[PDB]
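Visitor: Just need the structure, nothing else, for what follows:
(chains A and B)
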Amino acid sequence: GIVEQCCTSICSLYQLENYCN
Amino acid sequence: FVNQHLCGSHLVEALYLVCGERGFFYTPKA
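Guide: Numbers count the residues shown, from 1 in each chain, chains lettered A, B, ... in the order given. Shown next is the structure:
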């Protein structure tokens, strides 16, 4: 999930937007 | 500012800025 993708590795806008409602 | 390691309150704050009035969900174990 988001921690593995953005914390443990480097995140992207593409991925952050996956978590907006 | 979103292309780096974002953990804890730093991640939550990025989601707040990016998602704006849509809001978001933060699920650190899913």
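Visitor: residues from chain A in reach of chain B?
Guide: A:1-3, A:6-13, A:16-17, A:19-21 (C-beta under 8 Å from any C-beta of the partner chain). The way it works is simple: take the backbone N, C-alpha and C, and place the C-beta from them, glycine included.
Visitor: 10 Å instead, please
Guide: Selection of chain A residues close to chain B by C-beta under 10 Å from any C-beta of the partner chain yields A:1-21.
Visitor: what's the nearest residue to residue 12 if we skip its chain neighbours?
Guide: Using chain A. Closest residue in space to residue A:12, ignoring its immediate chain neighbours: residue B:3 at 6.3 Å, by C-beta to C-beta, 6 or more residues apart in numbering or on different chains.
Visitor: ah, I was thinking of chain B
Guide: Spatially, and ignoring its direct neighbours in sequence, residue B:12 is nearest to residue B:26 (5.8 Å; C-beta to C-beta, 6+ apart).
Visitor: next one: residue A:8
Guide: Nearest to residue A:8 is residue B:5, by C-beta to C-beta, 6+ apart, at 7.8 Å.
Visitor: For residue A:10, list the residues it contacts.
Guide: For residue A:10, the contacting residues are B:2-6, by C-beta atoms under 10 Å, 6 or more residues apart in numbering or on different chains.
Visitor: List buried residues within these.
Guide: Using 16 or more other C-beta atoms under 10 Å in any protein chain shown as the burial test, the contacts of residue A:10 include B:2, B:6 as buried.
Visitor: Now render the contacts of residue A:10 as JSON lines, adding secondary structure.
Guide: Formatted as JSON lines, the contacts of residue A:10 follow (DSSP: H, G, I helix; E, B strand; the rest coil):
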{"residue": "B:2", "secondary structure": "coil"}
{"residue": "B:3", "secondary structure": "coil"}
{"residue": "B:4", "secondary structure": "coil"}
{"residue": "B:5", "secondary structure": "coil"}
{"residue": "B:6", "secondary structure": "coil"}
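Visitor: Before I go, just wanted to say thanks for your time.
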